[PDB]
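# Build me a model:
(7 chains)
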Amino acid sequence: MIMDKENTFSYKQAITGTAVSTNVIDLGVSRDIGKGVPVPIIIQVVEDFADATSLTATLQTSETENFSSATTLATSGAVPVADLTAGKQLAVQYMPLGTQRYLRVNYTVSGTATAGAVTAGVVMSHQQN
Amino acid sequence: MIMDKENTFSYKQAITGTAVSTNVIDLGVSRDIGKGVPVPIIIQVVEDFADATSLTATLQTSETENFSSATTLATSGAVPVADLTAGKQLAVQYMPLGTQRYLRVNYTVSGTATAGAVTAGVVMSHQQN
Amino acid sequence: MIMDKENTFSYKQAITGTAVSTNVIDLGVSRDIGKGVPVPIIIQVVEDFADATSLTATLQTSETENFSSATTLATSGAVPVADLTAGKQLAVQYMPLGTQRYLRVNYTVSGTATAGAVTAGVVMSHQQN
Amino acid sequence: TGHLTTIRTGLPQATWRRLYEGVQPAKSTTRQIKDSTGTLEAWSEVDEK
Amino acid sequence: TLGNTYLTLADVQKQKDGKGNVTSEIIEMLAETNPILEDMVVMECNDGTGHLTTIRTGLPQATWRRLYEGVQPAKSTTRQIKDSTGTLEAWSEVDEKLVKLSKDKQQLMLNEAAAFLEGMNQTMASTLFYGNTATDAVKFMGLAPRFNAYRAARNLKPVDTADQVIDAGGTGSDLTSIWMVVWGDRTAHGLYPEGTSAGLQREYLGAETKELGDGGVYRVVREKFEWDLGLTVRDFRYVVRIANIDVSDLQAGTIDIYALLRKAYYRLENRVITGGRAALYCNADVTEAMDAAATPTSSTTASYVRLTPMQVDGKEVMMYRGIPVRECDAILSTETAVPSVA
Amino acid sequence: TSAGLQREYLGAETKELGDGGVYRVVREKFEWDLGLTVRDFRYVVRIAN
Amino acid sequence: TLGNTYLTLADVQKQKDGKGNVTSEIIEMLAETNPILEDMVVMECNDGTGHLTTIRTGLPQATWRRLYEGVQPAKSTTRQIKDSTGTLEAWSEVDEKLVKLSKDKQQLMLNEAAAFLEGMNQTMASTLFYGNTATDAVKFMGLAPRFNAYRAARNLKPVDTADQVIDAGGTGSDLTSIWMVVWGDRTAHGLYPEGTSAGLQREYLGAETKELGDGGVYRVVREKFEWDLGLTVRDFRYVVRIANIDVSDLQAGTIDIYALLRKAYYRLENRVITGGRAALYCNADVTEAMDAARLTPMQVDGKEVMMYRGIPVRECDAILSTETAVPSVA
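Numbers count the residues shown, from 1 in each chain, chains lettered A, B, ... in the order given. Below, you will see the structure:
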């Protein structure tokens, strides 16, 4: 993979607590980029989770820097910690449709965590097996 | 949309009342699809709907021909009644990862409508606009 | 109209009080820049003032970086809050004689101003209506 | 995979560079939209005899 | 955050066909037409502080001489005004690997260069029509800032520029304007400072070595795009604009275009003698309405024009009164109120 | 796919029935697939209702 | 308050010498030999975004015709896998006056380029073996993480990665592993993406001018080094891993490597590939444990190469001997 810096939501972000993503990719124009030729994305969990219980991994999109009202484009559900190992993908392969203005990832966690990290972001080409 | 029989979940299937896809795909062996080359699918509503509260078109897979081991590859979610309109792509643009021997489409509707139809399957080139 | 970054005493600088300039200019050896061919200067006001009473446009110069000793070269008097609108110059169009080593602009105000901006600095070509 | 088209959905916003001041570069923000075909076909057997 | 500054990877993916090659044919869908920058006359300032205009502000009115009287000698006063040029430029910054993995460099440069050319043209036309340097200190004075005030009465001779603007009763954020400039050596023209060159200058800097603040040397490629000009409206007798043109009207029959255009034509105090080429620029809403009131069909209680078969649809709006009507997209149907000088 | 409305005079065939029946037939096949792909809706305008 | 960031006068004084100018003989004291980089083939990424691969997955069932009886048509279902790639670069920096100050410029950059070449070789071999996309998403997945599991009892036919990993048994912080791979176009090879050339790409960026926090522009000569490389496992039945080899029990006589090797050869696929080199990839400890004396070497110009059953044994210095325990997929 040749995943790069700019269009990347989080780089090895712990989000051990109930945090959110840091690099909110913002686009001035509502391109809704998923249309036509696809764009691969990952929300692959990069390092294991110790004492969490659920890792709802929404892909909230909104129309303001601060996500006053956000819209969900991909939610992984209440994934139990038994699967939050390295390489555990948490959404669809390619870019979804409906990216209105802004894009930030939520990390609602049931309870806190003592370990856990992710590398959500856009990738030039997926890695499989 | 260049649909095709022998690779179609359901052709013009009516949705009214809880039911599954009329046709269940069978890929010979339990090998994978979503990986590698993208495979577009459209579980899309064709004809409008009625008093039914919601709809839950999920892409269930199972190793057995009859689906006793349910496995959600991708879910439409509880789409509200208002958005059950023609042309609504209810699930992911591309085929999710982890295809088993067989795949089905499960329609779980909150209540029963007097109208509603879906044509779901894999297309040669998903047509935008 | 052409301007510079260094030969620029202010750029939309806030005057919300009895503030002074920001980019004090140096000229190596002491020298006298008012001699010889004229060098223009623009003290145009931007962001129309709101609640001031008088804007003192002193043009203090010094021989030390810190303006412990200052030598007034020009002034505009107690120009009222009325007028002071956009495009209002407030000093001599060119550099007065007696530029010791450094230059800056003083912005004494008889009260508090809730708005106001200035663009003091040398301009390659003055813009006459 | 069907014919593709590349809309442009935004253009840079240049800045008046006062001398010795830096300009922050911008980019051409495009967008894509694709289209597909669809076939018609008819047949006729007319009993050659 | 961000993601909008440099040419990211998603955009490069979007700028290629399914065969894996960069797209040669890009639908613009945001280009605009602005022939103001095409028909405008421009020449080097070629002087000192700036372009210089000499305006007379006094006449030595003669005295009714009684016999055996000493007539006091009089002098002719003059007033001088100078106008300055402005410069802007924009830059393109792309990673070299972003280019190499796209299998095609020249195509990506062509796409980005075309986009930048269109962007600069649009920006320049916008500033020419609205160069409000009153609050900028850059973006040289255009045309609207000079005439952003109208005088309701007393508009007999051009004492100020407030007599060169005609109220049309508009209100709200749906106002517009029509400019009738005259380009000529003395009427008005464009301007660029000496040493530079006319038109947009573009330079291909090749591969760069972008150095980061915190020790980073990733290699980028850049192109230079430079274009500078300035304006000089020598006479405010050569430019007339209509303010408060409410687009809530002008789509229905409430404001007659040709009435205001004739009123302004006669306000153009220097068409009586040929100074230079003339023009009347619009925003394609005015021209639409003008063909709506010059080839009328079922119009509202108006339009003494009488039609014939084969001439019922409309032909064109090319020339107003011999003045060519060049359609400039820079003009906006939102301009805020131009107030009445008391 | 070939361009435009196609036509294939297949000629004589066999048309085997489901009960052993057999008799010659001749089949002519007409095929056409296309998509209109309005690449820039700036070039198209509609008046409806 | 240090002096290691950029090249200094001390280094050129220590390398460029010999009563004269730069030497063309700089001995690579840290030159861990990894013949994996030489045996492995490379192939341009024709596809464009992630090296693609089509593998047959189902087989048609032929039939015997019985006195004009029909034969039903048969399908042949196919799987497809994508192999992403990854890039490494490096940058040299010498003050232009420093380069000119030494009598030669080409050689003083040539040895500094050999240094970078050795470093890239070492890092790429390390990531070729233990390169994980699971933790380093900027790292193309190596040979190991595709096999960090094993089936207890091997399936009748290889149908999974875990069915090609032999659990040698072991634990602790001293286990190692052995790789038997065949390098071929249909088996496994390197990947330089489209546009990017194959292998290392030395790039000499002439002379440039630098900056600091307070002006201070000075002239530097910058050499840009790049290497793109992706790894693809085609027909993964050609790769077998022997995991959890306790080196402590290996130095002593507790486990024999020959049993593990024969088990792996049993679990390999018979060589039928044309033009495909194959070899063993085992650290120095394994070949040291081969001190057990009829398995013998074979005639290739009389070279230091063991030939375990017609397969060269390339001892690779990059195979770290303190791996993590490989779990079992029960």
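# The residue in chain A that chain F sits nearest to: what's it in contact with?
Nearest residue of chain A to chain F (CB to the nearest CB) works out as residue A:36 at 12.1 Å. For every residue, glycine as well, the C-beta is placed using N, CA and C. Neighbouring residues of residue A:36 by CB atoms under 8 Å, 6 or more residues apart in numbering or on different chains: B:128, D:4, D:5, D:32, D:33, D:34, E:14.
# any idea which of those residues is closest to residue B:47?
residue B:128 (21.0 Å; CB to CB).
# phi, psi of that closest one?
phi -90, psi 150 (degrees, to the nearest 10).
# hmm, back to that, find the residue closest to the residue of chain A closest to chain F in space, skipping its chain neighbours.
Leaving aside its sequence neighbours, residue A:36 sits nearest to residue D:32 (CB to CB, 6 or more residues apart in numbering or on different chains; 3.2 Å).
# bridging residues for the one you found?
residue D:6 (DSSP bridges).
# In space, what's closest to residue A:64 - neighbours in sequence excluded?
Of all residues not flanking residue A:64 in the chain, residue A:102 sits nearest, at 6.7 Å (CB to CB, 6+ apart).
# Can you name the residues bridging to the one you found?
residue A:26, residue A:62.
# Can you tell me how far it is from residue E:3?
10 Å (CB to CB, to the nearest Å).
# Touching both of those two, which residues are there?
In contact with both residue A:102 and residue E:3: A:25, A:26, A:27, using CB under 8 Å, 6+ apart.
# Distance check, the spatially closest residue to residue A:104 that is not a sequence neighbour against chain G.
Excluding the flanking residues, the one nearest residue A:104 by CB to CB, 6+ apart is residue A:24, at 4.2 Å. From residue A:24 over to chain G the distance is 20 Å, taken as CB to the nearest CB, to the nearest Å.
# Test my guess that residue A:24 contacts residue A:102.
Yes. Here residue A:24 reaches residue A:102: they are 6.1 Å apart, a contact under CB atoms under 8 Å.
# ok, back up a step: so who does the residue nearest to residue A:104 touch?
Contacts of residue A:24 by CB under 8 Å, 6+ apart are A:9, A:65, A:102, A:103, A:104, E:1.
# doesn't residue A:25 make contact with the first one?
Looking back up the chat, that one is residue A:9. Yes. In this structure, residue A:9 is within contact of residue A:25 by CB under 8 Å, at 6.6 Å.
# shared neighbours, these two?
Joint contacts of residue A:9 and residue A:25 (CB under 8 Å, 6+ apart) are A:103, A:104.
# near chain G, which residues of chain A show up?
Within chain A, the positions adjacent to chain G are A:1-3, A:42, A:44, A:46-47, A:86-87, A:119, A:123-129 by CB under 8 Å from any CB of the partner chain.
# Show the residue spans covered by the helices in chain D.
With helices called from DSSP state H, chain D shows none.
# Pull up the residues of it that are close to chain A.
Contact residues, chain D versus chain A (CB under 8 Å from any CB): D:4, D:5, D:9, D:10, D:29, D:30, D:31, D:32, D:33, D:34.
# mind running it again at 10 Å?
By CB under 10 Å from any CB of the partner chain, the residues of chain D that approach chain A are D:1-2, D:4-11, D:13, D:29-35.
# Buried subset of those as a ChimeraX selection?
Restricted to buried positions by 16 or more other CB atoms under 10 Å in any protein chain shown, the ChimeraX selection for the residues of chain D next to chain A reads:
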select /D:1,2,4,5,6,7,8,9,10,11,29,30,31,32,33,34,35
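# residues near residue A:85, how many?
A count of nearby residues for residue A:85, using other CB atoms under 10 Å in any protein chain shown, gives 12.
# residues bridging contact with residue A:24 and residue A:102, i.e. touching both?
A:60, A:62, A:65, A:66, A:67, E:1, E:3 (CB atoms under 10 Å, 6 or more residues apart in numbering or on different chains).
# anything in stretch A:105-115 near chain E?
No. Using CB under 10 Å from any CB, stretch A:105-115 never reaches chain E; the gap is at least 12.2 Å.
# do that stretch and chain B meet?
No. Stretch A:105-115 lies apart from chain B when judged by CB under 10 Å from any CB; the minimum separation is 15.9 Å.
# For that stretch, buried residues please.
Buried residues in stretch A:105-115 (16+ other CB under 10 Å): A:105, A:106, A:107, A:109, A:113.
# could you say what helices and strands the longest strand seen in chain D packs with?
Secondary structure of chain D per DSSP state E: the longest strand is strand D:39-45. Using 3 or more CB pairs under 10 Å, 6 or more residues apart in numbering or on different chains; DSSP states H and E, the elements in contact with strand D:39-45 are strand F:6-12, strand F:26-33.
# so what strands line up beside it?
Going by DSSP bridges, the partners of strand D:39-45 are strand F:26-33 (antiparallel).
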